[PDB]
């Protein structure tokens, strides 16, 4: 018993990089605006895609840390997609449902510009607030799969590997939050709780078999998330850590634009005929190095 303490100083620059698993689930909604009734819902799962996060952290002052983090899809990954439509106004049970297990998660990425304000600090604890800006992007392509239309009056399979629906989402937002830190010998744990009432969501939908594109753009959606990690200082300058991330983007609502691909001609439809939501977690492991010159 006689351990190894982190070697931190003011004006430090820190760099950390981790890698692991990205998972989550998005929704693509179509409503009747007048009645708020759901005429469609697309469910784009995400199944362990391999990611790579990276952290960069100048703490100019001891009570102040600037931060630029982000992660990216390492390559096309494993997804899924299900497509429901409630076509009979007089029926709770949806009438249409296609399924596309062969859904590719083309790519995924996020960046996060964050500042941390420490209001209280001693040698093992820290508490403060954070403010920042995030943007997050997802891309899928559902291919093949099967379908039932008209409550199964036309069951069947799609052509293996043919582009069916393409879909991408973007969630941009300013955020604020509470931050805590706990050290002790060669251990450091970081918890963070984040929130926003000012999410801006966009999505794009190509139905290639209908030759139609769709534009959904949302403002004022709500969001909440957490970042927690635990690490050990293997040296005074190096911390091996594991890290969990969660992000919930609440359904924002707005209008839909429809472009007819083979005419160009476009048509816009009215408020809350569309929804855009998502749900994240990342499990990630790596190493942090602190320089501080």
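Positions refer to the first chain, counted from 1.
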Looking at the entry, does 61-69 or 220-228 show the higher mean C-alpha B-factor?
61-69
Listed options 168, 190, 91, 196: highest C-alpha B factor recorded at 91
Ranked against its chain, the third holding the CA B-factor of residue 242
highest
Split the chain's modelled residues into thirds by Cα B-factor; residue 40 lands in the lowest
Among modelled residues of the same chain, the CA temperature factor third for residue 54:
middle
Could you place residue 83 in the lowest, middle or highest third of its chain by Cα temperature factor, using the values in the record?
lowest
In terms of the chain's CA B-factor thirds, is residue 275 lowest, middle or highest?
lowest
